Structure formats: C-alpha cells, structure tokens
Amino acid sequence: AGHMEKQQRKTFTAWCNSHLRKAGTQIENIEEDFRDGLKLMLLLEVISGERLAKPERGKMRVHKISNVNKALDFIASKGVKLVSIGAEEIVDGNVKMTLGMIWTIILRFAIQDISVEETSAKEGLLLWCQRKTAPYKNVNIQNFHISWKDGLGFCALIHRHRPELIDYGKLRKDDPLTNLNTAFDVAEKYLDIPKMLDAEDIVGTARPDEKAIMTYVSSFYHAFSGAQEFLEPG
C-alpha cells in the first residue's frame, strides 16, 4: 500500500501487457484480471510458447481456483521459484500475492536464463549492464536501483548499441528527468519496449523498486540480445 506496491503495479502490468498483446488481449487492472485464471494461462502460453490444459468453464469460485491451480502447476513445472502463492488469494484479487506471483514469473522467463561470462540470472544481467556501460565516464552501475536514478545508465545502454538514437554528449547528470524521459521515449519508439517506469517517481523515490527496474532492464537486454534475429515473437 505504498511506493513499492505502486511501482510494481505499474511495471508488472506493463510487462504483462507487452506479452499479452501477442495473444490479442490486454489486462486493465492487475488485481482483477487474473482472478479467474484465464488471462494468466494465456500469459503463460505466450511467454513459454506451449499450450496449457484446456480452461474449465463456469464463473463459480471452484472453477476459478481450478484454473489458477492449472497455472500454478504449470509454472512449477517450468521451474518458477515457489514462494507460497495460494490459488485462493489469487482468485480473491489479493494484490500483494498477485504481484508476488507475477514477479517469480518475470524472474524465471525474462531473467534466469541470462548468461554472461559464466555469470547468470540477476547477477548476469547486472554484469551485462556493467560491461556495456563500462566506457561511459558518468555511469557506474552497481545495482538495480540507485545506480539508475539519474537516467544515464538507461541512455548509455541505448547509446552503446544504437548511438545514432541518442546524442549522449548533450545529457547532463544533474538533469535526471530529461535523461530518463529521453531513454524511455527512445526505447518505446525505436526498440518496441513499452514505458514501464515513471520518470518522476524514479527521481523522487530515495530508492526506486529494484524489481521494477530489473524488469525494465531485462527488456533492454532482450532487445539487444539479437534473439529477435532468429526467434519469431508469436
């Protein structure tokens, strides 16, 4: 019920929709649209590329719990970290539990497989960021929160791969709002990465939510991995 939840609500919703758009659907409220399990199963089919069991019909309490359990069984089978998520809480629209469940899904499907110099998962994603921004004198990535507040890290990641898209030299470290908005707009327009973070909130929050930032950064990783050259979106 604070800034942590607010930032995760924004970012996790955006991430989920960046995938569901490939299934011809979208959610409009993350604490309501997964309650019957239907869109949750669809999200899992998109990010895994597999077909889950056929969803049961009927809007009865028992049916919804059934669909959610099908989803929970599927993510367990795919190695998503277990964190005591309960089908009941998901069906009842418990926001804390829902965001917690979505986080484990993001971590498994967008971050865990990342491999960089024998380093993997979150640690691998961080190393990738550090290696790519190494040449930038005004950037020093050391985490997935404070290190990104001035926006230069995001701008540097983009400039490193597509220099023509950002006039990095004109960016000032003491002008974080400008830097963040520049990176977010360029990523949305040229890299097909939806805006998942609110610039003003990043600048105003002593310590921005690392799960939200990690989610956004992982989208940059995938946009620059070259995987799009051999994999069909869906």
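A residue's number is simply how far along the shown sequence it sits, counting from 1.
The PDB entry reports B-factors from which the mean C-alpha value can be compared for 16-24 and 212-220; the larger average falls on 16-24. Legend: mean Cα B-factor per stretch from the PDB entry, 59-67 versus 182-190; the higher mean is in 59-67.
Take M196, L52, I47, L165 and read off each C-alpha B-factor from the entry; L52 has the highest. By the numbers in the PDB entry, the CA B factor is greatest at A206 among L42, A206, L171, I30. Split the chain's modelled residues into thirds by C-alpha temperature factor. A134 is in the middle one. Compared with the other modelled residues of the chain, the Cα B-factor recorded for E117 ranks in the highest third. When the modelled residues of the chain are ordered by their C-alpha B factor, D150 lands in the middle third. Per-chain ranking of the deposited C-alpha B factor places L72 in the middle third.
Compared with the other modelled residues of the chain, the Cα B-factor recorded for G100 ranks in the lowest third.
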